[PDB]
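We give structure tokens for two forms of one protein chain below, kept apart as structure 1 and structure 2.
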Structure 1
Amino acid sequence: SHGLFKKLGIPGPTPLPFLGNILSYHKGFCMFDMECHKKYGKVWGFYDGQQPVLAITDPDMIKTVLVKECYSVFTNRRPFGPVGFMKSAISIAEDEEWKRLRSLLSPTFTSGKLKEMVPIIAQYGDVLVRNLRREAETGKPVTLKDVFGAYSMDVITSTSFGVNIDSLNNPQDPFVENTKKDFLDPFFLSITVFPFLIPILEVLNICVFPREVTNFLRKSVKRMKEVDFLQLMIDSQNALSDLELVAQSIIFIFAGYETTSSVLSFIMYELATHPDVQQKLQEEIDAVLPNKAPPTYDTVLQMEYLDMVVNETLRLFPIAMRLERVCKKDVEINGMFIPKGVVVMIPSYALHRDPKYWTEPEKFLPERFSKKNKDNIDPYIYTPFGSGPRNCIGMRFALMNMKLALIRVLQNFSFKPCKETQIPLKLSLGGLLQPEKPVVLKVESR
């Protein structure tokens, strides 16, 4: 199948037998997408093993794939094999089963339901301000990914189940341990080169995740049916099923974990290495919330510079890195024939740093998203939450959760680079958007 793009007239790096272009991933997904974009231009193809992948960078064509032809042609993501009951998860379901799940979970993520969760999420921001203060009086630099990781785990366990716990101070609560139970492991690289071996894993009872966890979850869900994501899904039954509920809650946990704390780590890195932005944000936060006033839903949506800082961080670090859709049928979009079975991919990371649309894209400059310049930004080039009907359903929730944590922490602390701070920051090598070395910063009380 390695002759597909050569017969279509699509440029791209010459693939090797069996491997495709996977050896070119040695620089990471991001650098490979940027390099291909430089040498091949607007459209190029490559092979993940035998699987052809067509990258597209034209906004009109991106709009067609993500919006116009979502239901008709580009409905599903890459099927990373049938690997268990997780087929009922909304991010994984396909075609009519996904639409059913999307329709049943959309009212759960309204702004009305989000405002109801604001008082709950606010309590743990105060729990956050106490934990890092203990590690701030220690005089030693703080690893943010552990206080943020503790905060992130606190919020999702209470917003999706109602289990109010201080994780960093309760090492093993029976729920913290089972929730706390490496995406840079060679296994994921072998699955792409051996997609035919996925059926062997599915029958060999090599279930995704241990059956100690998940079984702990379905039992916990049963005892909680007698404001959070679970109650909204329980009341929706009063349709969804019970094992479907466990599947969605699993997605929310992975969603709200290594995205929430990672973006917060990138944000605090940018604020520490740009003190003028940090003070400007603190002056905005103190102006809206005088004397460390508690942040509310409406006061958060009142802070413009906070939104610009969050958006500029997500440009430099789009934690999804790529958007993908599988071509359901032979189609032709915006001037080219897309054959069936090809994976169409939008390289978000490379587009966010493309000088075709961004001035000095390596620089952290929040003013790109000022109300003067947010007009000149194509929504199909800047896609931190995707676009179209299958975009990030938890975008509003994620933005609100991160901002509430930013406000409470910046109302109390300033952040500066320490001896151990990796400057400039390097991105992790092999497939997840995270710092190479964990971010460590000096923290001081205001």
Structure 2
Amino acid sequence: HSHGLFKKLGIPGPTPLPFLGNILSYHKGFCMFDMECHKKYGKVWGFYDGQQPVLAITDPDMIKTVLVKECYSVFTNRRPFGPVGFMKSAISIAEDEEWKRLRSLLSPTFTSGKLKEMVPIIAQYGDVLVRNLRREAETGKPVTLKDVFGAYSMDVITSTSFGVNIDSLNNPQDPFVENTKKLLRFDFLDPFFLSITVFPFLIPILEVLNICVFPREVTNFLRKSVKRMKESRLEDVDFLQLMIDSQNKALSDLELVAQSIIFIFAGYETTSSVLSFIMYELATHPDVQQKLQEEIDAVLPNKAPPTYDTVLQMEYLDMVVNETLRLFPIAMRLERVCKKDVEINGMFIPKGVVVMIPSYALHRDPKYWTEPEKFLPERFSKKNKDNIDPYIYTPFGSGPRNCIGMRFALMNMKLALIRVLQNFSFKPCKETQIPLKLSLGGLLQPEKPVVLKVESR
């Protein structure tokens, strides 16, 4: 249909099939498709998700123009995504003025100030993690990181968001953990979403049937569960409180539920998935593991409890986290819908085009990264951290729509790692997939789950 767009504008790209566009090229996943296109075509290129034209861009100035400069004017929203039901009101999903309102109503929740107050509560579930791990370190049986990390990551969420306090690894069947684990980061290469991409005219069909990519049952569990806690604390420290206090243009109650749902997933599969990637890289590079175990003990001698300030003090820890996020940027791509005919850094961009930054492919670009497949934390030494274009390395996005939970996500993940490297070491098992292979699907996740050996220090 609209498959002449890039051929006119003089932008190169893979030739689209009728109806499908270029989607059959996703058979190795977004990341691999993005790398190929980068090499085959250079700095800019175009392709079609069904009839949806997508313009990839790799110029840091141009990227900065889209993500920062012209964000409010032209590139305000992300690719429409449906069917979502009442989740239209989630911040990550909302548009234009509604999003601007929600970003405001929700920003002070994520300050360095409020973040320092969540430390002692986040500190408490680190210790729960250790005990579950030593039960396996004392029973010489290899460990799947995702289960134990997610048990931890969930434990922090439920708490930092509603006060609920479960040992999700040892009380995994209590009514709360059941619903909350039923979140699934959406495989955009799964049967369902490829059908969307080729039949996006079916989203409104599904919307009028109250179908939701968020299971209609988990949402109902928390919609009421919030209006219980809402009326329990009212009247008699967490995200809900910080959002309830805000509605005192102000936030509504079902909007509040929707943000709660986004926050819960946000820090579940993500925090847990990033922790897994770090632990893998640690186990397969044992020296880095040792160098970090030294710094954790120098700043916190005698296995001293990590504090907010001791965490920012640690610099090799930061380097490890960053270099992991370079090799596994869980978002893979950034995207904005171009809402007006515009011209940025010398290129005409018509209305409706989705503009896409290929984060995974830029993190692995040899034109900016020496030995880009190698896990080498020193790239982020304060000697070299200045050489790195913040518009090439973008694991949390950028501009007015970057990751709202970035600080919290780094803090949470580091508090988990300080505590864990104070007590154990991590070894490849025979069953450990080395080298790790990324799922060919639509998520940045390992093909096989990560299994390692855990020895008690």
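Rigid core: the largest C-alpha set superposing within 1.5 Å between the two forms. Shifts are known only where both forms have a C-alpha. For numbering, take structure 1's sequence and count from 1.
Subject >> Entry of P119, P82, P294, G341 that shows, once the rigid core is matched between structure 1 and structure 2, a C-alpha shift of 2 Å or more >> reply: Looking at each option in turn, only one qualifies, and it is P82.
**OP:** Establish whether a shift of 2 Å or more occurs at the C-alpha of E212 between structure 1 and structure 2, with the two forms superposed on the rigid core.
**Re:** Yes, its C-alpha moves 2 Å or more.
Original post:
Keeping the rigid core fixed, what distance in angstrom separates the two C-alpha positions of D58 between structure 1 and structure 2?
Top reply: Displacement of the C-alpha, rigid core superposed: 0.3 Å.
Subject >> Rigid-core-superposed Cα shift at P171 between structure 1 and structure 2, Å >> reply: A shift of 2.2 Å at the C-alpha.
**OP:** Note down every stretch of 3+ consecutive residues with C-alpha shifts of 2 Å or more between structure 1 and structure 2, superposition done on the rigid core, in sequence order.
**Re:** Core-superposed, the runs shifting 2 Å or more come out as 81 to 83, 182 to 185, 207 to 212.
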